[PDB]
């Protein structure tokens, strides 16, 4: 009884794994390329003086 | 002395073999309760498994 349900919590957590994985993964792509274009369109000397 | 000796030995073997045979079969009772309440829990969470 416990084996089967918890080997399933294995597969379910494998699932929840991948959910949290690609969740933060593409949230990361989001914010990282956000600030990519931010600072690239800014320019080296521009952001240097702004700071 | 030996008369009430065999008296006492039987009189206590009485309240002894009473709980003894009760123990025998209450035990084999729990033995099959085990074999059974096994298949109870074993497949409750086999469907709930799925």
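Every number here is computed from the coordinates shown, using simple stated rules; none is lab data. Positions of Cβ are generated from backbone atoms using ideal geometry, with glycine treated the same way; all protein chains shown enter the neighbour counts.
Hey, any hits in region A:1-19 for a residue that's away from chain B (no Cβ under 14 Å), farther than 26 Å from residue B:49 by Cα and assigned to a helix (DSSP H, G or I)? There is no residue in region A:1-19 that is away from chain B (no Cβ under 14 Å), farther than 26 Å from residue B:49 by Cα and assigned to a helix (DSSP H, G or I). Evaluated against (1) over 9 Å from the mean Cα position of the chain (by Cα); (2) farther than 26 Å from residue A:2 by Cβ, residue B:33 falls short on exactly one condition, (2).
If you go through region B:36-50 and pick out every residue that is within 9 Å of another protein chain (Cβ to nearest Cβ) and either farther than 18 Å from residue A:3 by Cβ or surrounded by fewer than 11 Cβ atoms within 10 Å (Cβ to Cβ) (or both), you end up with 2. In this structure, residue A:37 does satisfy being away from chain B (no Cβ under 14 Å) and either more than 22 Å from residue B:48 (Cβ to Cβ) or surrounded by 10 or more Cβ atoms within 10 Å (Cβ to Cβ) (or both).
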